Amino acid sequence: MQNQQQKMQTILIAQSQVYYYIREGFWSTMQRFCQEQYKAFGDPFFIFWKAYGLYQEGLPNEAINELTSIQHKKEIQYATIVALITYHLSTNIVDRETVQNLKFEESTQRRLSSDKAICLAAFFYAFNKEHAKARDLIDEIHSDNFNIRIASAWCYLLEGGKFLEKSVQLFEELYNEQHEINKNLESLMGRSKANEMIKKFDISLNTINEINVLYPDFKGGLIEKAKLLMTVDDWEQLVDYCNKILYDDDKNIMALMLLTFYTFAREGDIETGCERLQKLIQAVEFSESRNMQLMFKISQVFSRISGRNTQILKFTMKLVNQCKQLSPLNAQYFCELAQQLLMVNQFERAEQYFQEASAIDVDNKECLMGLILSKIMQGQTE
């Protein structure tokens, strides 16, 4: 019995790691960690979240292929059907017959599914920002199971707003019902995040310290501690704990971003900052080669603080050109690229890219305003 309980606890820890990463969105890490955990245990949960991470990277077909291997698994069948519906709707060529058949299967399986599958599907709805459907799925479950209450609290936290308080209450109740050292990881994460949102930073810091003490193997606690110190502008402790994390494991994208931002924003060292940006670029291309959003965010961050330094802007524009190459129909990339050409005072090319983006998206205010701006600097004030 002890061995089975230990294995169940390890599986729960792996699932909590997956959920933390989902709140962090490391999709290649999704795939790698989920693949290794599925090889170790064989739980279709990991394959499902690997498919979800594939979907988040813009590969609905691979996600569908991964999901079809675990559709007939009774434990996650309803959630698999729901996510297959979503992914098929997200494809360029939508198979309407398959979507209708999957919708009928969902309607049939909703009544025959276990509470675990319903909670899992509610997780998928909530993470896809479909909070109403997640809340509807949770509220249909009348079981007083500890994991189901954790699911309810997490869904209510993700929805936020008027439900937020209730979620906190649940996260408190689950806190009080556990043994002294038996505190659930996900409940502590929810409590810390909720306290951060209501700007009760002391409680969040204490909760994260408790998380780090109780779960030393779990590395998410240190990373979210560094993030919380970023929130409260505690940069010295952030550097110390990021250095500790890198001492435990190197080649981390977030740590490289933090170090490069530190060098650019406070030290002002252009050469070292450029080297750190370069190494971050290699890390991204090695692990997040198809992550358009991540590269776009990196370029925006390092262009807004570059002070119009041509060296940094070269890396940022290279990143934006890569994003444009893999996504030619997104006008946001053109707006960003021509804005970066603006910080290098290349007004004509900026106007050209802005016209192209306005052709892609007529209602995009950003390139319209920037077209006005470029006409201003080019001298056509009228």
# chains A, B, ... in the order shown; residues from 1 in each chain; ligands from 1
>>> residues_around(residues="residue 217 in chain A", least_positions_apart="6", cutoff="12 Å", atoms="only C-alpha atoms", output="list in words")
residues 10, 13, 14, 17, 185, 211, 245 and 248 of chain A
>>> write_last_selection(atoms="N, CA, C and O atoms", output="mmCIF file, in the first residue's frame")
data_model
loop_
_atom_site.group_PDB
_atom_site.id
_atom_site.type_symbol
_atom_site.label_atom_id
_atom_site.label_comp_id
_atom_site.auth_asym_id
_atom_site.auth_seq_id
_atom_site.Cartn_x
_atom_site.Cartn_y
_atom_site.Cartn_z
ATOM 1 N N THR A 10 3.719 10.864 -6.327
ATOM 2 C CA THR A 10 4.630 11.306 -7.381
ATOM 3 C C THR A 10 3.863 11.729 -8.629
ATOM 4 O O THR A 10 4.210 12.726 -9.277
ATOM 5 N N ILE A 13 2.439 15.077 -7.975
ATOM 6 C CA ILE A 13 3.478 16.100 -8.073
ATOM 7 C C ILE A 13 3.772 16.423 -9.532
ATOM 8 O O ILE A 13 3.957 17.589 -9.900
ATOM 9 N N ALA A 14 3.825 15.397 -10.385
ATOM 10 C CA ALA A 14 4.035 15.635 -11.810
ATOM 11 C C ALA A 14 2.885 16.438 -12.411
ATOM 12 O O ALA A 14 3.106 17.351 -13.217
ATOM 13 N N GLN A 17 3.272 19.991 -11.330
ATOM 14 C CA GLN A 17 4.305 20.607 -12.156
ATOM 15 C C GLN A 17 3.750 21.001 -13.517
ATOM 16 O O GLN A 17 4.041 22.090 -14.027
ATOM 17 N N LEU A 185 0.278 21.304 -3.089
ATOM 18 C CA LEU A 185 1.054 22.283 -3.845
ATOM 19 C C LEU A 185 0.146 23.270 -4.570
ATOM 20 O O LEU A 185 0.359 24.488 -4.503
ATOM 21 N N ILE A 211 6.211 26.911 0.485
ATOM 22 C CA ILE A 211 6.256 26.006 -0.660
ATOM 23 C C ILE A 211 7.678 25.510 -0.885
ATOM 24 O O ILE A 211 7.918 24.313 -1.089
ATOM 25 N N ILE A 245 19.034 29.345 -9.016
ATOM 26 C CA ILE A 245 18.349 28.463 -9.960
ATOM 27 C C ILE A 245 19.290 28.054 -11.087
ATOM 28 O O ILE A 245 19.345 26.884 -11.482
ATOM 29 N N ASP A 248 21.546 25.485 -9.950
ATOM 30 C CA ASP A 248 20.877 24.191 -9.991
ATOM 31 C C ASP A 248 20.644 23.676 -11.405
ATOM 32 O O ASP A 248 20.731 22.465 -11.630
#
>>> residues_around(residues="residue 191 in chain A", least_positions_apart="4", cutoff="9 Å", atoms="only C-alpha atoms", output="PyMOL selection string")
chain A and resi 167-168+171-172+186-187+195-196+203-204+207
>>> closest_atom_pairs(of="range 55-172 of chain A", to="range 18-23 of chain A", cutoff="10 Å", atoms="only C-alpha atoms", output="CSV")
residue,atom,partner,partner_atom,distance
A:123,CA,A:19,CA,9.4
A:127,CA,A:22,CA,8.0
A:158,CA,A:23,CA,9.9
>>> residues_around(residues="residue 202 in chain A", least_positions_apart="2", cutoff="12 Å", atoms="only C-alpha atoms", output="short mmCIF file (atom, residue, chain, number, x, y, z; two decimals) with C-alpha atoms, in the first residue's frame")
data_model
loop_
_atom_site.label_atom_id
_atom_site.label_comp_id
_atom_site.auth_asym_id
_atom_site.auth_seq_id
_atom_site.Cartn_x
_atom_site.Cartn_y
_atom_site.Cartn_z
CA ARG A 191 -3.34 31.19 -2.40
CA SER A 192 -0.05 32.87 -3.33
CA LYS A 193 -1.35 34.06 -6.71
CA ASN A 195 -2.67 37.24 -2.51
CA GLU A 196 -0.42 38.71 -5.22
CA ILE A 198 -4.89 41.70 -4.13
CA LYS A 199 -1.41 43.15 -3.47
CA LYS A 200 -0.96 41.27 -0.18
CA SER A 204 2.29 35.55 -0.91
CA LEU A 205 5.96 35.65 0.10
CA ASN A 206 5.26 33.59 3.23
CA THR A 207 3.29 31.06 1.18
CA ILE A 208 6.11 30.78 -1.38
CA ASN A 209 8.66 30.31 1.41
CA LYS A 225 9.49 33.64 -5.96
CA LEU A 228 7.05 37.87 -7.09
CA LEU A 229 10.23 39.75 -6.19
CA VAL A 232 7.51 44.05 -5.56
#
>>> closest_residue(among="A:16, A:290, A:9, A:151", to="residue 221 in chain A", atoms="only C-alpha atoms")
A:16
>>> atom_distance(atom1="CA of residue 334 in chain A", atom2="CA of residue 320 in chain A")
8.1 Å
>>> select_by_dssp(residues="range 173-340 of chain A", states="alpha helix (DSSP H)", output="PyMOL selection string")
chain A and resi 173-177+185-197+201-214+220-231+235-248+253-262+270-287+292-304+310-326+331-340
>>> closest_residue(among="A:188, A:371, A:292, A:34", to="residue 328 in chain A", atoms="only C-alpha atoms")
A:292
>>> closest_residue(among="A:369, A:313, A:79, A:59", to="residue 344 in chain A", atoms="only C-alpha atoms")
A:313
>>> closest_atom_pairs(of="range 127-174 of chain A", to="range 81-89 of chain A", cutoff="12 Å", atoms="only C-alpha atoms", output="JSON lines")
{"residue": "A:127", "atom": "CA", "partner": "A:83", "partner_atom": "CA", "distance": 11.7}
{"residue": "A:128", "atom": "CA", "partner": "A:86", "partner_atom": "CA", "distance": 9.8}
{"residue": "A:130", "atom": "CA", "partner": "A:86", "partner_atom": "CA", "distance": 11.4}
{"residue": "A:133", "atom": "CA", "partner": "A:82", "partner_atom": "CA", "distance": 11.2}
{"residue": "A:134", "atom": "CA", "partner": "A:82", "partner_atom": "CA", "distance": 11.7}
{"residue": "A:137", "atom": "CA", "partner": "A:82", "partner_atom": "CA", "distance": 12.0}
>>> closest_residue(among="A:255, A:78, A:296, A:212", to="residue 103 in chain A", atoms="only C-alpha atoms")
A:78
>>> residues_around(residues="range 301-305 of chain A", least_positions_apart="2", cutoff="12 Å", atoms="only C-alpha atoms", output="PyMOL selection string")
chain A and resi 257-266+268+270+273-274+276-278+280-281+294-299+307-320+336-344
>>> write_last_selection(atoms="N, CA and C atoms", output="short mmCIF file (atom, residue, chain, number, x, y, z; two decimals), in the first residue's frame")
data_model
loop_
_atom_site.label_atom_id
_atom_site.label_comp_id
_atom_site.auth_asym_id
_atom_site.auth_seq_id
_atom_site.Cartn_x
_atom_site.Cartn_y
_atom_site.Cartn_z
N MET A 257 16.34 35.98 -19.96
CA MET A 257 15.62 37.24 -20.11
C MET A 257 15.83 38.14 -18.90
N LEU A 258 15.73 37.58 -17.70
CA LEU A 258 15.87 38.40 -16.50
C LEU A 258 17.26 39.01 -16.42
N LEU A 259 18.30 38.21 -16.69
CA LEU A 259 19.66 38.73 -16.62
C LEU A 259 19.91 39.80 -17.69
N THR A 260 19.42 39.57 -18.91
CA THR A 260 19.60 40.55 -19.97
C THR A 260 18.86 41.85 -19.66
N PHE A 261 17.64 41.75 -19.13
CA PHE A 261 16.89 42.94 -18.74
C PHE A 261 17.61 43.68 -17.62
N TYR A 262 18.20 42.94 -16.68
CA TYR A 262 18.95 43.57 -15.60
C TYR A 262 20.13 44.35 -16.15
N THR A 263 20.86 43.73 -17.09
CA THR A 263 22.03 44.39 -17.66
C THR A 263 21.64 45.63 -18.45
N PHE A 264 20.55 45.55 -19.21
CA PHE A 264 20.15 46.69 -20.03
C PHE A 264 19.56 47.82 -19.20
N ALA A 265 18.73 47.49 -18.21
CA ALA A 265 17.92 48.51 -17.54
C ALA A 265 18.66 49.20 -16.40
N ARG A 266 19.63 48.53 -15.78
CA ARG A 266 20.29 49.07 -14.60
C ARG A 266 21.79 49.25 -14.78
N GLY A 268 23.40 49.18 -17.75
CA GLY A 268 23.64 49.93 -18.96
C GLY A 268 24.75 49.41 -19.83
N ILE A 270 26.13 47.81 -22.72
CA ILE A 270 25.60 47.44 -24.03
C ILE A 270 26.22 46.13 -24.52
N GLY A 273 25.03 43.14 -22.33
CA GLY A 273 23.61 42.96 -22.62
C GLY A 273 23.37 42.35 -23.98
N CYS A 274 24.15 42.77 -24.99
CA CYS A 274 24.03 42.19 -26.31
C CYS A 274 24.44 40.72 -26.31
N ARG A 276 24.21 38.66 -23.74
CA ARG A 276 23.14 37.92 -23.06
C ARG A 276 21.90 37.80 -23.95
N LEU A 277 21.59 38.85 -24.72
CA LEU A 277 20.49 38.76 -25.68
C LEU A 277 20.78 37.71 -26.74
N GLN A 278 22.03 37.65 -27.21
CA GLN A 278 22.41 36.64 -28.19
C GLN A 278 22.21 35.23 -27.63
N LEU A 280 20.29 34.32 -25.20
CA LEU A 280 18.86 34.10 -25.08
C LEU A 280 18.25 33.72 -26.42
N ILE A 281 18.72 34.34 -27.50
CA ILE A 281 18.22 34.02 -28.83
C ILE A 281 18.56 32.58 -29.20
N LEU A 294 6.35 34.25 -27.80
CA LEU A 294 7.50 34.43 -26.92
C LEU A 294 8.55 35.33 -27.56
N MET A 295 8.86 35.07 -28.83
CA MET A 295 9.85 35.87 -29.54
C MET A 295 9.36 37.30 -29.73
N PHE A 296 8.07 37.47 -30.03
CA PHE A 296 7.51 38.81 -30.16
C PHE A 296 7.62 39.58 -28.85
N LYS A 297 7.32 38.92 -27.73
CA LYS A 297 7.43 39.56 -26.42
C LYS A 297 8.88 39.94 -26.12
N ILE A 298 9.82 39.05 -26.44
CA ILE A 298 11.23 39.34 -26.21
C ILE A 298 11.66 40.56 -27.01
N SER A 299 11.27 40.61 -28.29
CA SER A 299 11.65 41.73 -29.13
C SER A 299 11.05 43.03 -28.61
N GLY A 307 16.80 52.07 -25.78
CA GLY A 307 17.25 53.43 -25.99
C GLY A 307 17.65 53.71 -27.42
N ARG A 308 16.99 53.06 -28.38
CA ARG A 308 17.30 53.19 -29.81
C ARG A 308 18.76 52.86 -30.10
N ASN A 309 19.30 51.86 -29.40
CA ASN A 309 20.62 51.35 -29.72
C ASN A 309 20.53 50.39 -30.90
N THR A 310 21.33 50.65 -31.93
CA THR A 310 21.21 49.90 -33.18
C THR A 310 21.53 48.42 -32.99
N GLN A 311 22.47 48.09 -32.10
CA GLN A 311 22.85 46.70 -31.91
C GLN A 311 21.69 45.87 -31.35
N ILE A 312 21.04 46.37 -30.30
CA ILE A 312 19.90 45.67 -29.72
C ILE A 312 18.75 45.62 -30.71
N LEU A 313 18.51 46.74 -31.40
CA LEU A 313 17.42 46.81 -32.36
C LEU A 313 17.63 45.85 -33.52
N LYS A 314 18.88 45.54 -33.86
CA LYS A 314 19.14 44.55 -34.90
C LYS A 314 18.62 43.17 -34.49
N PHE A 315 18.91 42.76 -33.25
CA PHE A 315 18.41 41.48 -32.77
C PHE A 315 16.88 41.48 -32.71
N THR A 316 16.31 42.58 -32.21
CA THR A 316 14.85 42.65 -32.11
C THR A 316 14.19 42.57 -33.49
N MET A 317 14.74 43.28 -34.48
CA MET A 317 14.15 43.24 -35.81
C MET A 317 14.36 41.89 -36.47
N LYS A 318 15.49 41.22 -36.21
CA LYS A 318 15.66 39.86 -36.71
C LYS A 318 14.60 38.94 -36.13
N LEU A 319 14.31 39.08 -34.84
CA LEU A 319 13.26 38.29 -34.21
C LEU A 319 11.91 38.57 -34.86
N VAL A 320 11.62 39.85 -35.13
CA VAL A 320 10.34 40.22 -35.72
C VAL A 320 10.24 39.71 -37.16
N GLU A 336 5.14 46.22 -35.44
CA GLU A 336 6.31 46.20 -34.57
C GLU A 336 7.61 46.39 -35.36
N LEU A 337 7.72 45.71 -36.51
CA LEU A 337 8.94 45.80 -37.30
C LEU A 337 9.17 47.22 -37.80
N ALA A 338 8.12 47.86 -38.29
CA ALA A 338 8.29 49.21 -38.81
C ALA A 338 8.44 50.22 -37.68
N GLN A 339 7.88 49.94 -36.50
CA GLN A 339 8.20 50.77 -35.34
C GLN A 339 9.68 50.68 -35.00
N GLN A 340 10.24 49.47 -35.03
CA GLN A 340 11.67 49.32 -34.79
C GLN A 340 12.49 50.01 -35.86
N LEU A 341 12.04 49.96 -37.12
CA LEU A 341 12.68 50.76 -38.16
C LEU A 341 12.54 52.25 -37.88
N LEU A 342 11.49 52.63 -37.15
CA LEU A 342 11.33 54.02 -36.74
C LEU A 342 12.36 54.42 -35.70
N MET A 343 12.63 53.55 -34.71
CA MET A 343 13.66 53.89 -33.73
C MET A 343 15.05 53.94 -34.35
N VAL A 344 15.24 53.40 -35.55
CA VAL A 344 16.48 53.62 -36.29
C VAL A 344 16.30 54.69 -37.37
#
>>> residues_around(residues="residue 377 in chain A", least_positions_apart="6", cutoff="10 Å", atoms="only C-alpha atoms", output="list in words")
residues 342, 345, 347 and 348 of chain A
>>> atom_distance(atom1="CA of residue 124 in chain A", atom2="CA of residue 166 in chain A")
20.7 Å
>>> atom_distance(atom1="CA of residue 150 in chain A", atom2="CA of residue 75 in chain A")
18.3 Å
>>> residues_around(residues="residue 329 in chain A", least_positions_apart="2", cutoff="9 Å", atoms="only C-alpha atoms", output="list in words")
residues 324, 327, 331, 333, 357, 360 and 361 of chain A
>>> write_last_selection(atoms="N, CA, C and O atoms", output="PDB file, in the first residue's frame")
ATOM      1  N   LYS A 324       7.422  37.286 -38.604  1.00  0.00           N
ATOM      2  CA  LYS A 324       6.720  37.624 -39.837  1.00  0.00           C
ATOM      3  C   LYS A 324       6.833  36.504 -40.863  1.00  0.00           C
ATOM      4  O   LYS A 324       5.867  36.201 -41.572  1.00  0.00           O
ATOM      5  N   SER A 327       4.573  33.808 -39.862  1.00  0.00           N
ATOM      6  CA  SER A 327       3.193  34.297 -39.800  1.00  0.00           C
ATOM      7  C   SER A 327       3.065  35.551 -40.650  1.00  0.00           C
ATOM      8  O   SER A 327       3.088  36.677 -40.138  1.00  0.00           O
ATOM      9  N   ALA A 331      -0.694  41.441 -38.843  1.00  0.00           N
ATOM     10  CA  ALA A 331      -0.304  42.835 -39.035  1.00  0.00           C
ATOM     11  C   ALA A 331       0.434  43.391 -37.822  1.00  0.00           C
ATOM     12  O   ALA A 331       1.132  44.407 -37.932  1.00  0.00           O
ATOM     13  N   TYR A 333       2.977  42.035 -36.281  1.00  0.00           N
ATOM     14  CA  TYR A 333       4.404  41.906 -36.549  1.00  0.00           C
ATOM     15  C   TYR A 333       4.909  43.016 -37.460  1.00  0.00           C
ATOM     16  O   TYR A 333       6.005  43.539 -37.242  1.00  0.00           O
ATOM     17  N   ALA A 357       0.773  46.422 -43.549  1.00  0.00           N
ATOM     18  CA  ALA A 357      -0.041  45.941 -42.435  1.00  0.00           C
ATOM     19  C   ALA A 357      -1.454  46.506 -42.492  1.00  0.00           C
ATOM     20  O   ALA A 357      -2.421  45.800 -42.184  1.00  0.00           O
ATOM     21  N   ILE A 360      -3.226  44.415 -44.681  1.00  0.00           N
ATOM     22  CA  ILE A 360      -3.628  43.198 -43.979  1.00  0.00           C
ATOM     23  C   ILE A 360      -4.794  43.476 -43.037  1.00  0.00           C
ATOM     24  O   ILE A 360      -5.793  42.748 -43.032  1.00  0.00           O
ATOM     25  N   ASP A 361      -4.688  44.532 -42.230  1.00  0.00           N
ATOM     26  CA  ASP A 361      -5.713  44.868 -41.240  1.00  0.00           C
ATOM     27  C   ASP A 361      -6.016  46.359 -41.361  1.00  0.00           C
ATOM     28  O   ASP A 361      -5.217  47.197 -40.933  1.00  0.00           O
TER      29      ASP A 361
END
>>> closest_residue(among="A:56, A:6, A:29, A:80", to="residue 252 in chain A", atoms="only C-alpha atoms")
A:29
>>> closest_residue(among="A:181, A:63, A:226, A:126", to="residue 159 in chain A", atoms="only C-alpha atoms")
A:126
